[PDB]
Each structure stands twice: as C-alpha cells, then as structure tokens.
Amino acid sequence: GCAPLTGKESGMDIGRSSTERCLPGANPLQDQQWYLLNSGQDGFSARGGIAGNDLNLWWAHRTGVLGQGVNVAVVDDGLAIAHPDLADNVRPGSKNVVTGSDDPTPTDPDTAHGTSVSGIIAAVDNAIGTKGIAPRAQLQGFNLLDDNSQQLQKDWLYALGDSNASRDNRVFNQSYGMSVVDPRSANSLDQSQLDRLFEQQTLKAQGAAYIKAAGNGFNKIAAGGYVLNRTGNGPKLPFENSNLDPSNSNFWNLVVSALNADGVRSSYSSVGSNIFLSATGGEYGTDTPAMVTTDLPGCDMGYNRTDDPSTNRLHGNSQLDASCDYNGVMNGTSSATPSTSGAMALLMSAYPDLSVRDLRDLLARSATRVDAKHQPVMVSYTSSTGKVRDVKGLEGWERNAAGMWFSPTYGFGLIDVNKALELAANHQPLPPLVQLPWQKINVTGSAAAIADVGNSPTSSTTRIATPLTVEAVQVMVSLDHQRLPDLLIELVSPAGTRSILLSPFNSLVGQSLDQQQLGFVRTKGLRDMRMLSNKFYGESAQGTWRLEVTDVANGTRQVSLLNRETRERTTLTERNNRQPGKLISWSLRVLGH
Ligand SMILES: [Ca+2]
Ligand SMILES: [Ca+2]
Ligand SMILES: [Ca+2]
C-alpha cells in the first residue's frame with residue numbers, strides 16, 4: 001500500500017507529515033520500527049511517542065535508495081551472521097577475534113548487542129522480521145567487545161580499516177565508548193595510532209565515515225569498579241559530558257546523541273559540544289518505545305529469550321516472533337550510532353564519490369531543529385566577591401555567527417535523510433580539508449589563577465592568523481584543580497561565539513574517590529585533556545580565540561556508589577578544593593577549509 005517513486009515527481013513533499021510518507025516492504029515488524037517512520041506507534045512498549053520523530057528516510061526507501069554497494073563494519077560484541085534477516089547482507093571478511101574464525105557469532109546468551117546494532121542498519125528487506133535503515137548495505141562483524149576478547153590493539157586496527165578485509169568499508173559503526181572518573185590524555189601511542197588510521201581511511205578517495213556513540217551517561221556511569229550517579233541538590237547537567245571519552249574529540253569520529261520517540265533527548269544520552277547530530281535511540285521498550293531489531297536467534301539466546309523476560313510485548317510472543325529472532329529493547333547512543341551508520345549508507349548509495357566531509361555538511365545542513373525551545377541549564381552561585389552569578393552550564397539551541405544552529409544535546413539536529421538527499425542533488429563539494437598547526441599557550445604569572453567561585457573566568461588567548469572557514473576545533477587543556485567537576489570550560493571564537501567544552505558537575509570525581517579508598521589523590525588536574533566543538537561550523541577562523549575556565553561551585557556534593565563486584569552501596573562526598581586552581585597550558589587546532 002506504499003508504491004515505488006521515480007526520481008521525478010513534481011510537487012513531492014518530502015517532509016515528516018507528507019501524504020506521500022510511507023515505507024514499502026512486507027517485513028511484518030516494520031510498522032513498529034518507529035525510527036524508520038514514527039506514526040505514534042508504541043514499538044511493543046506501553047505507549048507510543050509523537051509522530052514525525054524519526055530519521056525521515058521514507059523517500060529514500062520509496063525511490064530505491066537503500067544502501068546498495070555500501071560496506072558497513074560493525075565493531076561490537078559479535079554478529080550472528082546466519083540470522084535469517086541478516087545473512088543475505090553479510091559479505092565475506094568478518095573476523096572472530098576470540099576463536100580465530102570468520103564467524104563472529106556469539107555463544108554467550110547476553111551478547112546480543114552487535115546483532116541488534118546490525119539489524120538497525122541492514123535487516124534484510126523481505127517477508128520476515130524488520131527492515132533495515134539501509135537494507136541493501138553489506139555487513140561485516142568484528143567481535144572486539146565479546147566478554148572473552150582481549151581487546152588487543154592489533155584487532156582494533158584489523159576491525160577499523162587496517163586489514164585487507166576491513167579497509168574497503170565506507171562506514172565504521174562504533175556503538176561503544178569509555179566512561180571515566182579521572183581525565184585522560186588522547187596522546188597515548190595506541191590512541192594516536194588509531195587516529196592516524198581513521199585520518200587515512202576518512203580522507204582517501206574511497207572515504208570511510210567513522211560513527212561513534214556519545215555515551216549513555218546523562219545520569220549514571222560505570223567506572224573504577226563502581227556504578228556512579230549524583231544525588232541531592234544540583235542542576236540537570238549530564239554526569240557524562242561527551243568530551244570525556246578521549247576518542248570522542250578525534251574529529252574523524254562523527255559522534256551522535258540519542259533521541260526518543262517523543263522527539264526529545266533520550267533520558268540517558270551523553271551530550272556536549274562535540275555531538276554532530278541526534279539520531280534515534282529511544283528509551284527502554286517497556287513503558288515507552290525503543291528499537292525493534294534483530295536478536296540472537298532462538299528463545300535461549302539474546303535479549304529476547306525465556307530466561308530474560310521483558311514487558312515489551314514482542315518478547316513473550318508466539319504470534320509475532322515464535323523463535324525469538326527479534327527484540328524490542330535495543331536502545332542507547334548504541335542505537336543512535338547504527339541509525340546514523342544506516343543514514344550514511346543511504347546517502348553514500350545515492351551519491352558515491354561525495355567525500356565524508358561533504359556528507360557531514362549535507363547531514364548538518366538538512367538536520368531538523370527538534371525540541372527547538374529547550375532551555376539552557378544554568379548554574380547559580382554566590383561569587384568570590386559577593387555577587388550572585390547565573391551562568392550557562394549547558395546551552396540550549398544557539399545560532400553561531402555564520403547562521404548555523406547548534407546545541408550540545410542535538411548537535412546540528414535530528415537526521416533528515418530525505419532532506420539530506422534533496423540537498424545532495426546540487427551540492428558543490430567543500431574545498432579540501434585544512435588542519436591548521438596546533439597553537440600552544442604556556443600560561444604564567446597571576447593570569448594562571450582560577451579562583452573558587454570566580455566572579456569572572458580565567459582567560460587565555462591565541463590568535464589564528466590564517467583565513468579559514470571553520471568545520472571543527474580541538475583543544476587540549478592542562479590545569480591543576482583539587483575538585484575537577486567544579487570547572488566550566490568554554491571556548492570563544494573571534495566573532496564572540498561561545499561553546500561549553502566541558503560542563504561542570506561531570507563524572508570526574510576520581511580525586512574524591514582516591515581520597516576515600518587510597519588516602520591520597522593521584523590526579524592533580526587535567527593533563528592534555530582533548531575536547532572538540534562543532535559550534536563554530538561556518539565561522540571565520542581568523543582572530544583571537546579564548547579559552548575561559550571558571551570554578552562555579554564551593555558546596556559539598558554526594559555521589560552514590562554501587563560496587564560492581566559486591567553489590568554494596570556507599571556514598572562518596574566531594575569536598576571543596578580549598579586551594580585555588582591553576583591553568584598550566586592549552587592548545588588550539590582549527591580544522592576547516
Ligand atoms: Ca526483514
Ligand atoms: Ca533470541
Ligand atoms: Ca570549588
């Protein structure tokens with residue numbers, strides 16, 4: 001009841017509420033994949049969301065744009081390559097790094113994450129199960145995250161493009177990330193080696209798009225042998241800012257946040273200045289929709305199996321899924337990532353030979369400005385000189401000096417595949433990427449001081465002399481401070497545009513953790529911590545850029561701890577610094593054209 005379209009219907013409304021909006025196909029579960037097309041259906045959960053909040057890909061599907069000829073790598077916990085709704089799309093070259101074989105299928109029943117990821121991207125278009133976002137894309141799986149994987153550098157390289165088997169993928173799906181309580185540098189040998197690989201693979205003629213989950217730490221993370229979350233008084237700032245995983249600021253990664261079926265940020269989604277776009281991840285599939293996708297086959301394996309019940313109605317279900325080959329509980333930025341990988345494969349199938357940067361440009365300029373009125377999250381405190389200040393800790397939607405709308409929650413906005421394809425038709429390639437040399441400032445004197453609940457930020461500046469249009473900016477920062485989450489770290493462009501690189505009250509509570517279990521503190525502060533902002537996309541680079549750091553808190557905070565080994569619950573107390581912090585150095589790298 002949804003016919004094929006040609007290229008060439010005049011008067012075609014490609015939008016989210018068009019009368020032409022429908023998905024072709026005979027996949028029995030596709031009408032409960034709200035992420036393909038959101039009609040307010042419940043995804044087998046207790047209730048539906050709001051119609052239109054989806055990837056707006058229906059016109060791609062109707063015109064036969066389906067991911068044909070695009071190779072997607074799923075680097076994850078496994079991939080059941082024989083799955084009845086995946087096998088047709090599996091091409092040769094998967095590697096099981098636990099067994100040595102070509103078959104990354106898991107043998108552990110809980111290891112269903114990568115198979116669920118794969119279905120969102122490329123479940124086969126046929127008369128069973130679901131329909132993938134890009135149902136003619138071809139998959140490989142590399143099970144780097146199986147419980148018994150050693151997660152060896154050699155295998156990460158193999159899976160992310162540095163072997164014969166994987167080099168000719170044009171999309172790398174990384175539904176994974178790191179949570180931390182102490183800051184990390186991005187300069188380790190292993191990290192820089194992967195960054196060199198991602199640079200090579202992105203910028204070459206057959207260029208590959210790396211896609212990366214922002215994290216699911218808005219409220220809780222697991223790190224250091226614990227599950228941690230804040231409790232008590234406090235602003236609604238993410239516990240995990242998306243700039244914390246050092247990998248998320250490497251530029252080559254397109255980092256995505258998760259959106260739910262109501263058209264707002266998924267409760268758990270990490271956010272920050274480095275989010276490029278928002279894509280569909282849902283909630284939990286219990287009370288509200290999550291991602292209907294391919295499960296490990298059988299009722300003894302996967303997220304849909306007898307031993308791991310769910311209130312999602314697809315799971316118990318002899319009528320709709322008698323061999324428990326599908327599930328309704330897949331979620332997370334882990335799901336926003338394949339939603340993005342799928343969108344990217346659709347674009348690449350229509351316009352092969354546009355660069356990754358051009359595809360980013362199209363995705364950014366075509367994104368939907370969802371949740372347009374969400375407010376900034378403010379931090380109020382009495383400053384050191386007696387004045388109450390109320391400053392942004394996280395922005396809402398803001399328009400930069402070049403006219404581009406951006407938010408740390410949604411990036412440039414929710415993916416709109418149909419509109420990206422409309423823009424692509426007459427898109428002129430961007431000029432080649434220019435990566436300006438790093439500019440490092442070594443800060444000295446009384447300008448280094450960061451006062452407790454400062455009345456003004458501590459500022460340090462550097463002038464970019466080169467005319468350039470900005471795409472992204474990277475910063476590295478070094479400072480001393482005895483209670484890191486008190487710090488708000490911002491970057492200001494020559495136009496006066498601001499971007500919060502690190503929101504305060506994040507998960508960097510490890511100094512307090514160390515005091516409690518060791519009796520001393522290992523972390524003095526940030527050391528070459530990398531952050532990235534997309535806020536400045538389109539702006540002129542020439543002029544003075546300003547790093548501004550403020551300590552915005554002198555009150556005590558409590559953090560709840562759950563010991564992962566011993567389910568014992570304890571309480572961590574962050575006590576105020578009581579010696580002023582110190583900026584040591586920072587570096588700026590402008591990436592543009
Ligand atoms: Ca199917
Ligand atoms: Ca199953
Ligand atoms: Ca403080």
Side-chain angles (χ1 to χ4, degrees), residues 23-33 36 61 66 78 80 82-89 105-113 115-116 118-137 292-310 312 314-318 320-330 379 381-384 389 449-455 458 479-488 504-505 508-509 511-512 525 549-557 574-582:
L23 304 175
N27 308 275
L29 271 10
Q30 67 183 63
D31 287 334
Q32 286 283 31
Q33 298 175 260
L36 297 186
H61 277 29
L66 298 175
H83 190 292
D85 224 18
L86 295 175
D88 280 354
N89 288 163
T105 302
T107 51
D108 172 87
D110 295 300
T111 306
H113 191 264
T115 297
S116 299
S118 299
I120 293 164
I121 306 172
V124 175
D125 186 21
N126 52 19
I128 55 169
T130 50
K131 190 189 197 191
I133 285 162
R136 301 192 58 205
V292 172
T293 185
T294 47
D295 193 42
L296 296 183
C299 297
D300 290 330
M301 297 289 272
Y303 299 146
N304 179 2
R305 66 178 204 263
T306 306
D307 294 340
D308 190 25
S310 181
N312 188 95
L314 182 55
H315 278 46
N317 202 315
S318 311
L320 295 183
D321 180 22
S323 61
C324 308
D325 290 345
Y326 304 94
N327 78 66
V329 299
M330 184 55 191
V379 181
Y381 64 96
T382 180
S383 84
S384 64
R389 297 190 74 211
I450 306 170
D452 195 352
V453 271
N455 194 73
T458 297
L479 58 80
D480 288 343
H481 191 279
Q482 291 163 148
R483 189 162 75 155
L484 286 169
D486 297 341
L487 296 181
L488 165 67
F505 313 140
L508 297 178
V509 301
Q511 295 164 308
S512 289
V549 180
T550 315
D551 176 310
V552 296
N554 67 176
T556 309
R557 289 185 301 269
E574 297 190 78
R575 299 205 325 137
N576 198 42
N577 45 297
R578 243 149 91 274
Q579 245 109 93
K582 181 169 81 170

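Counting convention: from 1, in listed order, for ligands and their atoms alike. When a residue number appears, it is its place in the shown sequence, counting from 1.
- Taking backbone and side chain together, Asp295 holds an N, O or S atom under 3.0 Å from the Ca ion (ligand 2).
- Angle O (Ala553) to the Ca ion (ligand 3) to OD1 (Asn576): 80°, rounded to 10°.
- Within a 6.0 Å sphere centred on CG of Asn126, other residues, nucleotides and ligands contribute more than 12 heavy atoms.
- With rounding to the nearest 0.5 Å, the separation of CG in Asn312 from CG in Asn317 is 9.5 Å.
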TODO: Applying side-chain contact (heavy atoms from CB on, under 4.5 Å), run through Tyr326 and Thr294 and close with a yes or a no.
DONE: CA-CA 4 Å; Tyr326 304 94; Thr294 47; 3.9 Å; yes
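- The distance from the Ca ion (ligand 2) to the nearest N/O/S atom of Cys324 is under 3.0 Å.
- For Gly298, the nearest N, O or S atom to the Ca ion (ligand 2) falls under 3.0 Å.
- The Ca ion (ligand 2) has no N, O or S atom of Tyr326 closer than 3.0 Å.
- Ion pairing of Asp85 with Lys131 is absent here, as no side-chain N (NZ or NE/NH1/NH2) approaches a carboxylate O to less than 4.0 Å.
- Closest to the Ca ion (ligand 3) among the N, O or S atoms of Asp486 is OD2.
- Distance check: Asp125 CG to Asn27 CG gives 5.0 Å after rounding to the nearest 0.5 Å.
- Taking OG of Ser512 as the reference point, atom CG of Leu484 lies at 9.5 Å (rounded to 0.5 Å).
- Near-neighbour remark for the Ca ion (ligand 1): protein N, O or S atoms under 3.0 Å are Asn27 OD1, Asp85 OD1, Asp85 OD2, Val124 O, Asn126 OD1, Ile128 O, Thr130 O; waters not counted.
- Among the backbone and side-chain atoms of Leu296, an N/O/S atom is found under 3.0 Å from the Ca ion (ligand 2).
- A donor-acceptor pair is defined here as one N or O able to donate and one able to accept, closer than 3.5 Å; such a pair exists between the side chain of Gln30 and the backbone of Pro24.
- Residues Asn576 and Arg483 bring a donor and an acceptor atom of their side chains to less than 3.5 Å of each other.
- To the nearest 0.5 Å, atoms CE (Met330) and OH (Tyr303) are separated by 5.5 Å.
- At least one N/O/S atom of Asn577, whether from backbone or side chain, sits less than 3.0 Å from the Ca ion (ligand 3).
- Of the inter-residue distances, the one linking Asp110 atom CG with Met301 atom CE reads 9.5 Å to the nearest 0.5 angstrom.
- Here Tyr303 fails the criterion, with no N, O or S atom under 3.0 Å of the Ca ion (ligand 2).
- No hydrogens or angles considered: nothing links the side chains of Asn327 and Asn304 as a donor-acceptor pair under 3.5 Å.
- Put simply, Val453 stays out of reach of the Ca ion (ligand 3), with no N, O or S atom under 3.0 Å from it.
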